[PDB]
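Have a look below at one chain only, the form deposited in one PDB entry, in structure tokens format.
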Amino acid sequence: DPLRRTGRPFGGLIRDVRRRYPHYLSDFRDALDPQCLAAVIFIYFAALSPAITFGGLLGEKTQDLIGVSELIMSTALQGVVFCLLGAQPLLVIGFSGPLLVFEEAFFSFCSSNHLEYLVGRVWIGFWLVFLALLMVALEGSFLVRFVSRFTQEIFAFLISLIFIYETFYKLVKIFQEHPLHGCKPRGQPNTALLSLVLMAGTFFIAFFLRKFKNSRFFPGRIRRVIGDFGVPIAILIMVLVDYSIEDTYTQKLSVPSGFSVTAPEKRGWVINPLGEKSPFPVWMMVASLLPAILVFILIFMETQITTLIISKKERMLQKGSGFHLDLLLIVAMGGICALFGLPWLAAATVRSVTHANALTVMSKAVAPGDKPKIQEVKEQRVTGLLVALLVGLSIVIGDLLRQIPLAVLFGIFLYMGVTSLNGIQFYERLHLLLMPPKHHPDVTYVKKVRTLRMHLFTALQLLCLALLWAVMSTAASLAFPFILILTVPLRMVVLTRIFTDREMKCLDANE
């Protein structure tokens, strides 16, 4: 039982480091497989594009204090260190929306009170390091055992839905800059339709090859190899198709040139903790505790729920996962990186899920029946390290990257968002709403539960998800982790009162 209170200081840390580290050479040996190369190529773009997007947003919202170069360097360094010393290497760490919101709010607060920003974040990093050390010393990470399936699925569904909304929203903003009138550049013709065509083509080739992977045509080995390289082949085909056209203008991937600060005239690579230009007030040094607590809560909840979803019993993970030597590493790396002005990072749920299920191997079942189960996952320490190094050295190259339009990557992002949905029981119970009761499958939560007492569960969980989305989209979105935490007392009290014991045991269980 990984989530057990030993009763001794650093007990969980020692248990994790003795459970995972013996299987070290096995991780580097398991990487010899053509599937690993496809996983690397698939995840490189999915880890590079959000870095550029969020770097541009952060640079425009912070007066070019933190930009694209800093975010790329931070992601590379933190990913390399984590994949070299982490307990669970199937995690992809990167910048996200809540971190951006917190950074912009802190910048506004610092500007309002005439305080330094980069110097101010150093003390937040120090307090994060102290809090992480205190929590690991007291082995307080055993509280994850109280996060049931009722909360692991709302979080996953909400994150995967936002990933799809923000992908359809990037095409409306293209159609709004080049409208169909007829006659960085603006108002060009044939651009919006070309972007739509490229995105649709990439997405449809992705599903076509995914379907062909599990088909009956061709020999087995060729079929599996071709089905593994679905995303790279789709990307290559659509990039070549766009390269053939010579006159129409399409937006293309842009990266900065040279490892340098975005604003070298007002910033350096090293921040003095006590003062840059004017001395830093003493009171803020001890009043910075609250933002540290808030960002610690954000990082902790995100990383722990992602690890919980990844380490389910259905997904055959055998080497083991560490709930203690993950938070310590992530928070310590963030606190150290804050001293150099680089941003903080947390595990990305959709990227981690995609990375995990792009390495699974499915067994060969009989012709009739349901979907064949999962045989193995094939985890290792090589893919994440390679992806981090590639993202780090994505600056020296970039004359090659300038030929890849953004429209092509939208299809890959839509494919990722759609594929990441399957596997959670909330989605299947949402499917069961439409079907008539005589067509329901022979699953364990429908035979022992009345049909009308499962739709009530689904409706309550949808209500919780809608409330969460409404709270996130309003002006005060910094309370989102607290609202996410508040569902646990809901399940332990209100759902216990409304439902009976047997229904609660059947509907949401460990397995």
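Whichever C-alpha set is largest while still superposing within 1.5 Å between the two forms counts as the rigid core. For every residue, the number given is its place in the sequence shown, counted from 1.
Among other deposited entries of this protein with both flanking residues present, none omit coordinates for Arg351; it is modelled throughout, well short of a third. Of the other compared PDB entries of this protein that include residues on both sides, all give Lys277 atoms, none of them, and so not a third, leaving it without. Per the record, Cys183 and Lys184 are separated by a gap of 10 or more residues from the deposited sequence that were not modelled.
Same protein, other form: the form deposited in another entry, not shown, and the subject of what follows.
Only one entry in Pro232, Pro89, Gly322, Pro343 has its C-alpha moved by 2 angstroms or more between the shown form and the other one when the rigid core is superposed, and that entry is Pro232.
Whereas the shown form places them at one spacing, the Cα atoms of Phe106 and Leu478 lie at least 3 Å closer in the other entry. The pair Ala156 and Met316 is looser in the other entry: their Cα-Cα distance rises by no less than 3 Å compared with this form.
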